[PDB]
Ligand SMILES: Nc1nc2c(ncn2[C@@H]2O[C@H](COP(=O)(O)OP(=O)(O)NP(=O)(O)O)[C@@H](O)[C@H]2O)c(=O)[nH]1
Ligand SMILES: [Mg+2]
């Protein structure tokens, strides 16, 4: 089948791993493989969980930040650029993700993340690696985004 290399990046402690492990081992709390079918087509999801050369390899990127951590939100630009850099491209498959949407201590409005997503041209999705909510839309959207290449 077809193979996809997804790279999850983000401010430390935002839930990069929680998400990854939620998709691979279906539960709430590095290399990961996974056979899955998306929109019919069958494919291999190669997920590389990184820390809060190997990025020139990834095909699609998951820029994550927690909605209860303003700085993690302000740091997206930093990673976005570091990516945009090591891949001489102004548009690289990628999705902005606001994790921990299960909390009430929210310091980042959605209206805030959306504006930033539009200025980028990438999709924005909120996920909770705890209630597993959105954990799939996020990853599958990133794939559909890579199929546009
Ligand atoms: N309530 C809630 N907490 C979450 C969620 N995702 C992560 N956590 C919790 O917050 C902590 C950080 O999650 P973790 O995935 O380890 O963060 P990280 O992005 O991997 N940080 P690191 O840079 O150290 O690798 C853990 O205790 C985890 O259980 C979520 O969706 N909701
Ligand atoms: Mg981690």
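Fewest first, what order do 94, 55 take by the number of other Cβ atoms within 10 Å? Provide the component values of the computation, followed by the final result.
Numbers: 94 25, 55 16.
Listed from fewest to most nearby Cβ atoms, that is 55, 94.
What whole-number distance in Å separates the alpha-carbon centres of the stretch 88-149 and the stretch 55-79?
9 Å
Counting helices only, and only those DSSP H runs with n ≥ 4, report the 222 nm mean residue ellipticity of the chain as the sum of -39,500 (n - 2.57) divided by its residues, in deg cm²/dmol to the nearest 500. Mind showing how you got there, number by number?
On the way: 5 runs with 45 residues, N = 149.
Roughly -8500 deg cm²/dmol at 222 nm, from the helical runs in the chain.
Taking the Cα-to-Cβ direction at residue 78 and at residue 33 and moving 7 Å from each Cα, how far apart do the two end points lie in nm?
Once both label points are built, they end up 3.4 nm from each other.
Once label points are set 7 Å from the Cα along Cα→Cβ at both residue 56 and residue 118, what is their separation, rounded to one decimal in nm?
3.6 nm
May I ask what percent, to the nearest 5, of DSSP beta bridges between residues of the stretch 1-95 are antiparallel?
Of all bridge pairs located within the stretch 1-95, approximately 25 percent are antiparallel.
Ranking 89, 72, 17, 31 by Cβ neighbours within 10 Å, fewest first, what do you get? Please report the intermediate quantities before stating the final value.
Details: 89 11, 72 24, 17 17, 31 7.
Ascending Cβ contact count within 10 Å gives the list 31, 89, 17, 72.
Can you check what the Kirkwood hydrodynamic radius comes to for the chain, Cα pairs only, in Å to one decimal?
Taking every pair of different Cα atoms in the chain, averaging 1/r and inverting gives 15.3 Å.
Can you work out the PRE-style zone for residue 1? Point 7 Å along Cα to Cβ, and I want the residues of the stretch 36-74 with backbone N under 16 Å.
Residues 36-47 fall inside that zone.
Can you sort 30, 39, 46 so the residue with the fewest Cβ neighbours within 10 Å comes first?
Fewest-to-most ranking of 30, 39, 46: 39, 30, 46.
Can you tell me what share of the DSSP beta bridges in the stretch 17-149 is antiparallel? A percent to the nearest 5 is fine.
35 percent
Here Cβ is always computed from backbone atoms with ideal geometry, including for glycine, and neighbour counts include all displayed protein chains. Any read-out appearing in this document is the output of simple, stated calculations on the displayed coordinates, not a laboratory observation.
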